[PDB]
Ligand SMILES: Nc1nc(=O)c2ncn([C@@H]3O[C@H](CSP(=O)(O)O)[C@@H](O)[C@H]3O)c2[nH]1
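As a starting point, one isolated chain is supplied in structure tokens, in the form solved without the ligand.
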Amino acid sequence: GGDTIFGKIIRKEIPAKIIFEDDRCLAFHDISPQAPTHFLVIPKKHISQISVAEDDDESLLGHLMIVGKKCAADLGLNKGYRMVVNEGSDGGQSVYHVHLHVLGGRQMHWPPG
């Protein structure tokens, strides 16, 4: 679902190193990692951005985080990690399809950008 790149990855038109997939989301590695381990977890349902997510979208949004921490553990991120969700211009949302990033493998700093 979607007119973005994520649309293409979800419809399997273009490869992605999939880490996990199920009926509701997809987790794969980011091709421009900002850290040793850097993947995204995306809902298969198209939600352009968190600012427009519906109340009925909370279980789906919570699933994205649950999946992210499971993936983070399988990837051996036993020292910690950071999850980020960007919204619009100020947040730096590049692709307008909701996506959670998980970064780890290195010490993350403060502020988070």
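Start at 1 and count along the sequence shown; that's the residue number.
Would you tell me which stretch averages the higher CA B-factor in the PDB entry, 55-63 or 79-87? Going by the record's values, the stretch with the higher mean is 55-63.
Within this chain's modelled residues, let me know which third the CA B factor of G105 belongs to: lowest, middle or highest. For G105, whose C-alpha B-factor we compare with every modelled residue in the chain, the answer is the middle third.
Consider only the C-alpha atoms of the modelled residues in this chain, order them by B-factor as the entry records it, and name the third containing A72: lowest, middle or highest. Within its chain, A72 is a lowest-third residue by C-alpha B-factor, going by the deposited values.
Test of reading the entry: by CA B factor among the chain's modelled residues, which third contains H38? Lowest third.
When the modelled residues of the chain are sorted by Cα temperature factor, does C25 land in the lowest, middle or highest third? For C25, the deposited C-alpha B-factor lands in the middle third.
Comparing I18 with the other modelled residues of its chain, is its CA B-factor in the lowest, middle or highest third? Lowest third.
Although it is not shown, the form solved in complex with the ligand is what the next lines describe.
Tell me, yes or no, whether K69 is in contact with the ligand in the deposited complex, where a contact means a heavy atom of each within 4.5 Å. Although the ligand is absent here, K69 would stay clear of it in the deposited complex, with no heavy atoms inside 4.5 Å.
Partner contact for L40 in the deposited complex: the ligand, 4.5 angstroms, heavy atom: Result yes; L40 sits at the interface with the ligand in the deposited complex.
Going by a heavy atom distance of 4.5 Å, is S32 a contact of the ligand in the deposited complex? Although the ligand is absent here, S32 would touch it in the deposited complex, with heavy atoms inside 4.5 Å.
Is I10 close enough to the ligand in the deposited complex to count, meaning some heavy atom within 4.5 Å? Judged by the heavy-atom cut-off of 4.5 Å, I10 is well away from the ligand in the deposited complex.
What residues in 4-19 sit within 4.5 Å of the ligand in the deposited complex, counting heavy atoms only? Those in contact are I5, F6, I9.
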